[PDB]
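Before any comments, here is the structure.
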Amino acid sequence: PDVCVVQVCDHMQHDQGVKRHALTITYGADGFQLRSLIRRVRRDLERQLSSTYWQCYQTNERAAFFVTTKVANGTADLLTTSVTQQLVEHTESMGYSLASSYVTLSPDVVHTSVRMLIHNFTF
Amino acid sequence: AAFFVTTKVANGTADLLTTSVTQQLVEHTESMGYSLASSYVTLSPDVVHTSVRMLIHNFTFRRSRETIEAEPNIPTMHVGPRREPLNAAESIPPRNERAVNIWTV
Amino acid sequence: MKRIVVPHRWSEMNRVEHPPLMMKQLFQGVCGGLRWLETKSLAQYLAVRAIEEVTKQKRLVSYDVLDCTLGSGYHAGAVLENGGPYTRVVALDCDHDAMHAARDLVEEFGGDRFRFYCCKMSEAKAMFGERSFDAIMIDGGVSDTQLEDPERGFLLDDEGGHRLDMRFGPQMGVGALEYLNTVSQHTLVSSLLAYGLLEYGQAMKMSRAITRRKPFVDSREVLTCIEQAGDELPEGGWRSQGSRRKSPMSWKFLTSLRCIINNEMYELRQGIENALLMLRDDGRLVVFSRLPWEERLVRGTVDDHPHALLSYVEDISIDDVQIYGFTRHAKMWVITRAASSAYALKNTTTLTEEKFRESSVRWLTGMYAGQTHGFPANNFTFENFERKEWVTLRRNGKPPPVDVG
Amino acid sequence: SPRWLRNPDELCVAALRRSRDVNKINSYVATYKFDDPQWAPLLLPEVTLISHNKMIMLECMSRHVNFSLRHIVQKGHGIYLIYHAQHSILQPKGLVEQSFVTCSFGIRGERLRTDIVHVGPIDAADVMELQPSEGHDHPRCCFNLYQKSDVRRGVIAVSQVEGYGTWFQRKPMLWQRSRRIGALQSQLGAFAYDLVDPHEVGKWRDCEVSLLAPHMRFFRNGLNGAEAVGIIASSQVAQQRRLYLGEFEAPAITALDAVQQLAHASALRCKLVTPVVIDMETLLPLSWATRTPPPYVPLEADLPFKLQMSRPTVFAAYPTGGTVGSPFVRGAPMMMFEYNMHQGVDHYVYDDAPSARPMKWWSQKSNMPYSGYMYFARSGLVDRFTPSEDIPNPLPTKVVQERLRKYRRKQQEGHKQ
Amino acid sequence: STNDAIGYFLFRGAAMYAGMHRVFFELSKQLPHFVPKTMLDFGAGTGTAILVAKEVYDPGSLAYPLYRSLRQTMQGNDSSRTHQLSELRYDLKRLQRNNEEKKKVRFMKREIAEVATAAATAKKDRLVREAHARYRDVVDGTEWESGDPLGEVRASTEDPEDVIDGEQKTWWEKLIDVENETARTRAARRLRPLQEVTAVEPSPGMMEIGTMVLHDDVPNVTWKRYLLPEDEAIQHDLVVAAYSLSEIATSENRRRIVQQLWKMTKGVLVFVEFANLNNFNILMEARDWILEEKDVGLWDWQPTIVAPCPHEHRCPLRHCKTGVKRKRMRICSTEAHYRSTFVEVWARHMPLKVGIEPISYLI
Amino acid sequence: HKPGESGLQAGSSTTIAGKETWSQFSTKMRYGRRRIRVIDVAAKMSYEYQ
Amino acid sequence: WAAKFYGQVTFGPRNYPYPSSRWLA
Amino acid sequence: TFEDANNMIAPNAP
Ligand SMILES: C[S@+](CC[C@H](N)C(=O)[O-])C[C@H]1O[C@@H](n2cnc3c(N)ncnc32)[C@H](O)[C@@H]1O
Ligand SMILES: C[S@@+](CC[C@H](N)C(=O)[O-])C[C@H]1O[C@@H](n2cnc3c(N)ncnc32)[C@H](O)[C@@H]1O
Ligand code: SF4
């Protein structure tokens with residue numbers, strides 16, 4: 001497509017004091033090669049962290065999953081930015097260019113079973 | 001206005017469904033000669049005693065400038081077994097009443 | 001010059017067909033017997049005569065088979081393919097979606113060799129008469145085409161949850177989800193005990209869990225409750241190769257419920273009984289059994305019917321179990337309708353001294369009596385027409401005039 | 001290229017063929033997968049810049065044949081486990097083409113005894129074709145297996161195994177094993193992991209040696225037996241193309257290789273084979289038996305085990321017997337080794353308090369993965385002896401008429417319609 | 001259980017059949033033009049209601065013929081009247097002496113061919129009665145046509161006689177109309193009687209017996225195990241609760257069940273019960289509950305009592321003065337007479353050649 | 001019960017081989033008496049006709 | 001003759017004089 | 001993954 005939408009939903013949970021979060025990337029269209037993005041993210045994160053603490057694979061066509069179970073604050077901040085950097089760079093390299101990006105979070109001052117960070121890219 | 005719903009389904013599946021819906025929305029509105037100028041999203045807290053959340057998502061577009069399928073507006077949900085034969089939909093004229101082709105191909 | 005096309009659904013696009021099971025064995029058991037040999041000898045006699053050389057036009061030679069359960073046309077197609085020109089099949093699946101397979105069989109073979117009706121097997125005797133088919137084949141249970149379908153509700157692990165309406169054809173009413181939402185604990189326990197798989201204590205536990213955690217929105221919640229009551233469902237989903245007794249209560253409960261909302265016990269019982277009446281003398285009936293209650297019912301019915309005698313039983317080949325993933329317990333029961341009384345042959349092996357003594361006591365006490373004097377009883381007779389009744393048939397063709405009354 | 005790990009599900013044998021004779025229903029003919037280069041080194045003799053070794057392939061073939069035949073005794077049982085593998089070679093030289101398998105219930109109605117008779121060339125030199133299209137400095141060799149009349153054949157080996165086909169006992173096989181691997185891992189620090197030079201140990205390369213030199217002890221210079229601590233390292237197995245490994249356990253071949261190896265070392269110490277101080281004289285096994293008593297725990301690979309041997313008795317009435325398991329050859333001297341190996345920590349206890357039962361939970365036992373005996377012959381006297389005894393070599397019209405009659409009827413009737 | 005259901009059907013089979021006939025007789029006479037295309041049973045233990053409804057609204061679709069000379073066979077329906085006329089023409093042919101000179105021909109004017117086609121169709125409908133099995137034609141050795149092996153085009157073929165309004169007397173003319181049978185057959189085809197019927201029976205044994213009872217005579221009956229509250233969305237032409245309200249459990253809400261039954265009725269809802277004090281109280285409470293619907297909704301849908309009550313006020317027998325002291329003057333029941341079967345004759349020490357079935361009913 | 005003889009004509013034969021027990025005879029009679037005598041059509045006239 | 005319907009009575013109104021079964025004969 | 005656990009030691013060719 002001449003315009004593509006990329007949805008990156010980060011679901012944050014925690015039980016018994018161990019906080020985890022799972023990123024889900026989804027593309028609007030099918031023509032994108034997502035095994036390459038998974039490859040690039042693996043290459044760029046094997047250096048930053050051990051695989052015991054994170055895991056990224058392909059759920060199906062044009063959708064990718066990336067969990068992190070036990071990650072410190074600074075390390076989680078590293079992981080998020082690295083994944084976003086690789087996503088944007090891969091999509092732009094495929095022959096696209098980023099037009100707009102915008103995000104939202106659940107305020108939920110009270111305890112909430114899930115927190116959601118919805119990031120939207122337009123290419 | 002239009003409507004779309006899903007049932008309790010894995011988070012990745014729900015994300016796929018919504019991403020596809022928005023991708024098709026943008027493609028359809030751009031087919032009319034509109035280029036997506038701006039957009040944004042907002043997620044509200046969950047209701048006090050319930051896990052229901054509300055997500056308000058806005059797009060703004062600026063104006064830039066064969067086989068048909070039968071489909072009822074309101075769909076019919078499909079329980080396991082069919083309640084009518086497979087061919088029940090089709091109506092076919094009497095074989096004697098049928099006539100010869102006027103066109104070709 | 002536009003074409004009208006109904007959009008395909010995901011189920012229509014991604015449907016898969018049931019694999020063939022015991023092809024050669026079923027063919028040997030169904031196109032085999034006294035009827036088969038006599039048909040072949042009739043073909044010989046006709047070929048010899050052919051070398052020598054408004055009214056209902058009859059077939060010179062044909063072998064009639066009924067398929068009480070045609071899913072994919074693999075079994076109904078084997079009898080027509082490995083058979084010859086002198087073969088005919090009538091299929092009676094209960095699901096309207098089996099016409100998809102029936103259409104392929106009609107396209108491949110003749111329209112004069114195949115017929116299809118959307119009905120349950122128990123009504124075969126109602127839709128036909130006694131002594132109508134040379135062969136009958138029953139393959140109960142569920143077809144693989146229905147397992148994966150998100151709409152049929154047989155699908156397991158189902159990330160998200162569906163409507164658990166796992167029933168065969170529209171001829172049944174409430175599906176499993178609302179059956180579990182409405183049924184009573186005692187009713188569920190009594191219904192489950194009818195199949196033997198689930199012992200009284202286990203049935204009580206499972207029904208207690210269901211009744212306590214109603215109502216159920218969908219399959220994921222139903223399965224959560226079933227998981228809590230009992231062990232995790234085994235790998236391989238519905239088809240588990242483990243032993244019957246050691247299989248988990250969750251799997252046994254799911255199988256029992258799947259049978260309960262399809263009346264499989266009554267359906268199979270009446271299918272076997274009706275087949276033993278609508279089959280021809282020394283005709284052949286084959287029935288597939290995959291559950292202990294099915295095996296028990298087949299054994300008892302054949303041992304008690306005063307015309308049925310079990311020819312033999314064939315298990316499933318491990319090669320087929322490996323390649324197509326069938327349950328290793330699947331066996332084939334070929335039954336034959338003895339022309340005479342089969343008890344003279346069965347007592348050869350089943351007759352005890354206690355049975356002999358109770359038989360003598362029954363004769364002495366006149367327990368073997370029936371009813372012949374009574375309003376409905378006086379109007380009944382054996383199969384052969386009576387002398388007084390041939391007159392009724394000959395007389396209800398033209399009545400006489402009468403002046404008074 | 002390597003497959004140093006192999007799941008137990010896969011076997012080295014192709015589909016077996018039951019014999020049609022009414023009295024030979026138990027008889028099957030086995031054809032082994034020579035085509036696969038994976039099993040090619042394991043199912044064909046190794047070539048030295050020949051070794052005559054057979055335990056690398058004889059044991060594998062017998063065990064996998066029994067694994068294939070397990071189904072007729074498994075009865076749907078949870079687990080199937082093989083044991084009591086006896087082998088006796090009638091001719092040390094020559095490779096194998098096929099085998100005949102006769103299966104019975106043995107004694108118990110819960111086990112399955114087998115009898116394997118191997119038939120093939122009794123001389124590998126004739127089939128050898130050296131340096132066929134070497135190309136690179138290292139040529140790739142090939143064997144002509146099925147030959148019309150250029151090869152003389154006969155029985156080469158006779159073996160027998162038996163599988164138990166039983167259930168998974170939770171206690172002896174789940175949470176006692178769970179504790180034993182942990183104890184061995186904790187004990188891992190007690191040993192010194194220094195390998196030994198293979199020249200005095202019988203192997204050619206230092207990559208296929210699993211016998212810790214600092215923990216090899218001999219009594220009266222090995223004249224009364226020997227002990228040795230060894231480790232079947234995944235590192236050693238990976239870059240060694242002969243043997244493979246499981247998910248966690250070590251197969252019987254890679255367990256018996258260490259026995260052969262320590263036997264070679266003890267033979268050097270006892271003056272039974274000529275050392276290197278040139279060509280290497282690796283003693284070869286003629287007949288050997290290996291059993292696993294209950295609980296039939298496998299030999300864990302990544303954790304060390306201590307092997308123990310008896311003094312070599314040199315035979316100029318065998319102590320075992322005349323049946324399968326004892327040598328079926330006579331002539332040059334042989335060397336007998338009784339061996340038992342321990343894999344576990346029997347000396348670790350944790351006595352939290354007398355009131356509880358510390359021994360019923362935290363006690364354990366150094367299991368015996370493989371025990372048995374081996375008969376070896378010096379590599380130089382392979383051709384000195386000949387097989388002693390003699391064993392024989394295991395070497396539609398009416399249906400057509402009926403079918404043609406049927407076709408006659410069908411094609412005749414086709415016209416009338 | 002199944003044995004209890006067997007005994008219930010044997011002992012109460014004939015009496016319930018008699019009661020259902022006694023009710024459907026009045027229903028057919030009072031609403032002659034009613035024809036239940038679609039039917040529902042609440043608590044169809046043995047399908048006696050289905051059997052009687054089939055017998056009255058479609059006497060020519062049964063496996064066996066009905067007894068012609070019986071007063072029970074003279075119904076006021078339109079379909080029953082069509083079948084009665086068809087059968088009566090036979091007796092008229094009997095009354096007159098005709099030439100009966102058939103014209104048997106062989107292979108060697110077109111009126112002969114068309115009359116032969118009509119006679120072939122008559123034989124086709126004849127064999128269904130004779131063999132007590134539809135589709136009996138195919139099991140013959142006769143060749144099968146290659147036209148409709150699956151019968152898809154027959155079912156999907158548009159009828160050219162059913163047409164919407166826009167899409168396009170004297171005794172002699174009446175006699176000609178009645179003599180012409182093609183119009184009668186077209187009227188029968190226009191009136192599909194009891195084409196789809198659903199029967200509700202939670203009890204597994206009773207459901208098992210009812211399936212067996214009904215399979216031979218009424219084809220394609222949908223058996224539900226339970227009546228869901230969400231099932232109001234579908235209304236049927238006829239809804240019968242025969243001897244069920246009394247056996248509804250006390251834990252369940254009988255008012256809710258009855259309101260659901262009325263709200264899912266596209267027609268002539270029929271309650272039937274045995275004449276008893278408790279059953280009569282139940283039936284009168286139901287009468288009041290449905291009659292509470294008079295002051296709500298479209299007038300063309302509100303309930304009316306077509307029988308037996310001519311008034312829509314309180315029952316004067318339920319509020320009689322004598323009934324307080326006398327238990328006889330409390331039930332506004334009616335009586336059915338039948339030939340008692342040997343099961344009842346054995347269960348009683350009397351011969352009882354004529355058994356009596358008292359019933360209270362409400363249409 | 002010998003199959004040849006009737007149910008009330010109790011047989012005098014003492015053999016065992018060609019005999020079926022009386023429970024089996026009862027089951028056979030139940031499975032055999034499953035037909036209706038044909039209903040006279042011309043014998044009795046229609047109620048509407050009368 | 002009557003107690004054989006005890007296995008048919010539903011669990012609720014099965015032990016009406018005693019709202020429990022553990023302490024039941 | 002188990003194969004990912006073995007790949008650190010060495011690769012296998014199935
Ligand atoms: C005993 S009668 C059965 C025969 C039927 N009344 C007839 O005349 O043909 C009443 C039936 O109503 C059913 N029933 C009882 N309570 C019910 C309920 N709450 N909902 C639906 N059916 C019920 C029972 O299964 C019972 O078989
Ligand atoms: C196991 S599949 C048969 C597949 C195919 N005949 C074969 O063996 O390759 C059984 C089919 O019979 C149908 N069936 C189940 N119960 C039936 C019944 N009582 N009457 C008619 N069909 C039934 C199901 O819809 C299902 O598709
Ligand atoms: S039941 Fe009888 S008394 Fe009561 S309202 Fe009806 S007709 Fe009147």
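To be explicit about the labels: the chains of the structure tokens are called A, B, and onward in the order shown, and within each one the residues are counted from 1, while ligands get numbers from 1 in the order they are shown.
Residues with any atom within 12 Å of residue E:310, counting only C-alpha atoms and excluding same-chain neighbours fewer than 5 positions away, are residues 304, 305, 315, 316, 362 and 363 of chain E.
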Q | Neighbour list for residue A:52 as a PyMOL selection string, cut-off 9 Å, only C-alpha atoms, skip fewer than 2 positions in-chain | A | chain A and resi 49-50+54-55+68-69
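Within 6 Å of stretch 200-204 of chain E there are residues 41, 42, 43, 44, 45, 224, 225 and 226 of chain E, counting only C-alpha atoms and ignoring same-chain residues fewer than 5 positions away.
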Those residues you just picked out, can you put them in a file as a PDB file, in the first residue's frame with N, CA and C atoms?
```pdb
ATOM      1  N   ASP E  41     -43.926 -28.195  20.642  1.00  0.00           N
ATOM      2  CA  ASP E  41     -44.450 -28.973  21.758  1.00  0.00           C
ATOM      3  C   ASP E  41     -43.664 -28.596  23.001  1.00  0.00           C
ATOM      4  N   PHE E  42     -44.369 -28.230  24.064  1.00  0.00           N
ATOM      5  CA  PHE E  42     -43.722 -28.056  25.353  1.00  0.00           C
ATOM      6  C   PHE E  42     -43.922 -29.315  26.186  1.00  0.00           C
ATOM      7  N   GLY E  43     -42.846 -30.076  26.369  1.00  0.00           N
ATOM      8  CA  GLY E  43     -42.940 -31.340  27.074  1.00  0.00           C
ATOM      9  C   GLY E  43     -43.587 -32.448  26.274  1.00  0.00           C
ATOM     10  N   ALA E  44     -43.051 -32.758  25.093  1.00  0.00           N
ATOM     11  CA  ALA E  44     -43.575 -33.832  24.249  1.00  0.00           C
ATOM     12  C   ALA E  44     -42.896 -35.140  24.639  1.00  0.00           C
ATOM     13  N   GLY E  45     -43.332 -35.689  25.769  1.00  0.00           N
ATOM     14  CA  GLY E  45     -42.756 -36.918  26.272  1.00  0.00           C
ATOM     15  C   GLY E  45     -42.791 -38.045  25.264  1.00  0.00           C
ATOM     16  N   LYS E 224     -35.565 -30.663  20.986  1.00  0.00           N
ATOM     17  CA  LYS E 224     -34.838 -29.856  21.950  1.00  0.00           C
ATOM     18  C   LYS E 224     -34.962 -30.468  23.339  1.00  0.00           C
ATOM     19  N   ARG E 225     -33.876 -30.382  24.101  1.00  0.00           N
ATOM     20  CA  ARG E 225     -33.867 -30.871  25.472  1.00  0.00           C
ATOM     21  C   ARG E 225     -34.376 -29.849  26.475  1.00  0.00           C
ATOM     22  N   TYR E 226     -34.307 -28.559  26.163  1.00  0.00           N
ATOM     23  CA  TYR E 226     -34.691 -27.533  27.116  1.00  0.00           C
ATOM     24  C   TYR E 226     -35.258 -26.332  26.377  1.00  0.00           C
TER      25      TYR E 226
END
```
Please, which residues of chain C lie no more than 9 Å from chain F when the count uses only C-alpha atoms, and can they be set out as a compact mmCIF listing (two decimals) with C-alpha atoms, in the first residue's frame?
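iface.txt was written with the following content:
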```txt
# COMPACT_ATOMS: atom_id res chain seq x y z
CA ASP C 304 -29.21 -60.68 21.33
CA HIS C 305 -30.76 -60.03 17.90
CA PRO C 306 -32.50 -63.18 16.57
CA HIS C 307 -30.98 -62.75 13.12
CA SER C 341 -32.53 -68.11 13.35
CA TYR C 343 -29.65 -68.61 18.09
CA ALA C 344 -29.14 -72.21 16.98
CA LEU C 345 -25.59 -71.12 16.13
CA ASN C 347 -26.00 -71.40 21.69
CA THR C 348 -23.11 -73.45 20.29
CA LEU C 351 -25.37 -71.81 26.83
CA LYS C 355 -29.46 -70.76 31.53
CA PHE C 356 -30.84 -74.21 30.68
CA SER C 359 -35.25 -71.82 30.38
CA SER C 360 -37.02 -74.94 31.63
CA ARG C 362 -39.71 -70.30 32.00
CA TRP C 363 -41.43 -72.97 29.91
CA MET C 367 -43.20 -66.65 31.00
CA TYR C 368 -42.52 -66.62 27.24
CA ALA C 369 -46.11 -65.55 26.51
CA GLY C 370 -47.08 -62.36 24.71
CA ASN C 378 -55.33 -58.48 17.64
CA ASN C 379 -54.42 -56.36 14.59
CA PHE C 380 -50.80 -57.58 14.33
CA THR C 381 -49.24 -60.41 12.34
CA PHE C 382 -45.89 -61.77 11.15
CA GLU C 383 -44.17 -60.51 7.99
CA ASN C 384 -45.77 -62.97 5.56
CA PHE C 385 -49.24 -61.95 4.41
CA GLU C 386 -52.19 -64.04 5.58
CA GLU C 389 -55.31 -60.36 4.13
CA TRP C 390 -54.39 -61.19 0.53
CA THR C 392 -58.11 -57.41 1.55
CA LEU C 393 -55.31 -56.39 -0.81
CA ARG C 395 -60.47 -56.36 -2.75
CA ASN C 396 -59.42 -52.76 -2.06
CA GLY C 397 -59.09 -52.18 -5.80
CA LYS C 398 -62.74 -51.68 -6.73
CA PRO C 399 -65.76 -51.44 -4.39
CA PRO C 400 -69.34 -52.54 -5.13
CA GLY C 405 -77.22 -48.84 4.81
```
Q: Check the DSSP output for the backbone and give back, as a ChimeraX atom specification, the residues of stretch 22-99 of chain B in helix (DSSP H, G or I).
A: /B:22-30,86-89
Q.
One number please: atom CA of residue E:242 to atom 20 (N, counted along the ligand's line) of ligand 1, in Å, one decimal.
A. 12.0 Å
(Q) So that I can see what lies close to residue B:46, please list as a PyMOL selection string the residues with an atom at most 10 Å from it, counting only C-alpha atoms and leaving out residues fewer than 2 positions away in the same chain. (A) (chain A and resi 106-108+110+112) or (chain B and resi 43-44+48-54)
Keeping only N, CA, C and O atoms, take the residues you just selected and write them out as a tab-separated table (two decimals), in the first residue's frame.
```tsv
chain	number	residue	atom	x	y	z
A	106	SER	N	-2.59	4.30	29.55
A	106	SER	CA	-3.73	4.25	30.46
A	106	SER	C	-3.40	4.97	31.76
A	106	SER	O	-2.48	4.53	32.47
A	107	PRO	N	-4.09	6.05	32.13
A	107	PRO	CA	-3.75	6.74	33.38
A	107	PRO	C	-3.87	5.83	34.59
A	107	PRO	O	-2.88	5.58	35.28
A	108	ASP	N	-5.08	5.33	34.85
A	108	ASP	CA	-5.31	4.27	35.82
A	108	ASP	C	-4.47	4.41	37.08
A	108	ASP	O	-3.63	3.55	37.36
A	110	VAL	N	-5.46	3.99	40.09
A	110	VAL	CA	-5.79	2.80	40.86
A	110	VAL	C	-5.07	1.61	40.22
A	110	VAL	O	-4.63	1.70	39.07
A	112	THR	N	-4.48	-1.52	38.12
A	112	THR	CA	-5.11	-2.07	36.93
A	112	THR	C	-4.39	-3.36	36.55
A	112	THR	O	-3.16	-3.43	36.61
B	43	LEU	N	-6.51	6.86	25.34
B	43	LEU	CA	-7.01	5.71	26.09
B	43	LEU	C	-7.45	6.20	27.46
B	43	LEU	O	-6.70	6.90	28.13
B	44	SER	N	-8.66	5.83	27.87
B	44	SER	CA	-9.19	6.30	29.13
B	44	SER	C	-9.01	5.24	30.22
B	44	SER	O	-8.78	4.07	29.91
B	48	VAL	N	-15.07	2.03	36.97
B	48	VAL	CA	-14.69	1.91	38.38
B	48	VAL	C	-14.68	0.45	38.81
B	48	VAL	O	-13.69	-0.02	39.39
B	49	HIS	N	-15.75	-0.29	38.54
B	49	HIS	CA	-15.88	-1.66	39.00
B	49	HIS	C	-15.72	-2.67	37.88
B	49	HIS	O	-15.96	-3.87	38.08
B	50	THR	N	-15.32	-2.23	36.69
B	50	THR	CA	-15.31	-3.09	35.52
B	50	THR	C	-14.01	-2.90	34.76
B	50	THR	O	-13.34	-1.87	34.91
B	51	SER	N	-13.65	-3.90	33.96
B	51	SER	CA	-12.44	-3.85	33.15
B	51	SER	C	-12.67	-3.17	31.80
B	51	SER	O	-11.84	-3.36	30.90
B	52	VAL	N	-13.74	-2.41	31.64
B	52	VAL	CA	-14.07	-1.80	30.36
B	52	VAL	C	-13.25	-0.52	30.20
B	52	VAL	O	-13.25	0.35	31.08
B	53	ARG	N	-12.56	-0.41	29.08
B	53	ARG	CA	-11.76	0.75	28.72
B	53	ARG	C	-12.33	1.37	27.45
B	53	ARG	O	-12.98	0.71	26.64
B	54	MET	N	-12.05	2.67	27.27
B	54	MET	CA	-12.56	3.42	26.13
B	54	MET	C	-11.39	4.06	25.40
B	54	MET	O	-10.61	4.82	25.99
```
Q: For stretch 86-94 of chain D, please output as a ChimeraX atom specification all residues within 6 Å (counting only C-alpha atoms; exclusion window: fewer than 6 positions along the same chain).
A: /D:121-124,156-160,286-289,324-325,327-328,387
